[PDB]
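In structure tokens, the next block holds one chain alone, the form solved without the ligand.
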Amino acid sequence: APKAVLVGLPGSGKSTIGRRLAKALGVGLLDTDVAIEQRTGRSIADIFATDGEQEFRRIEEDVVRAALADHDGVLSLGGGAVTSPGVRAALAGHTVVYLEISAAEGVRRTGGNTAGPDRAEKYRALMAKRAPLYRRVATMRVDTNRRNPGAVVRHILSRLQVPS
């Protein structure tokens, strides 16, 4: 089981914090988005655009599930994997670290540069949709709104200790 499963919206710094946290812990980093491509020989765009979301999510959940069983390090979850009820089910009992930001801060950082003229509106809609799901599955919630990456990581490590 992973030491930490990281979840967050675009703009939360999830990739960056995952790399940093895995380096602080001395553990493997598995990015589920990368694993799908490594396993399918197809890009995310190509799967998502060709097969459609439902099939992408089916593929994702299978990869998420395997990693949850196999990976002992940090697992960085693709941003929409939480939208699948089976992912939310499989997550239960894991350490799930939610890299939490406000929608205003998301928009400030991105936004929604992560669609055409409406992309900001869709990004506002994306986070209204995903953020309650991240809240639901979290076991640790970390306000990354104003912390730097090293501070977020220091905060996480102090709440993931192991006896003695």
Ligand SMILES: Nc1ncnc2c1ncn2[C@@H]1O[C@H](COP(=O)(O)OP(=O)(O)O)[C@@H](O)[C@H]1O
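Rigid core (definition): largest C-alpha set, two forms, superposition within 1.5 Å. Each residue number is its position in the shown sequence, starting from 1.
Beyond the structure shown, there is the form solved in complex with the ligand, which is absent from this document and is the topic of what follows.
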| item | value |
| --- | --- |
| Contact label in the deposited complex: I156 to the ligand, heavy atom within 4.5 Å | no |
| Close approach of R141 to the ligand in the deposited complex, 4.5 Å, heavy atom | no |
| Heavy atom of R108 within 4.5 Å of the ligand in the deposited complex | yes |
| Touches the ligand in the deposited complex: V152 (any heavy atom, 4.5 Å) | yes |
| Partner contacts for 3-42, taking the ligand in the deposited complex and a 4.5 Å heavy atom cut-off | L9, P10, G11, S12, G13, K14, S15, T16 |
| Rigid core superposition between this form and the one not shown: residue from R108, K129, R39, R58 with Cα shift of 2 Å or more | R108 |
| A120 C-alpha moves between this form and the one not shown by 2 Å or more, core aligned | yes |
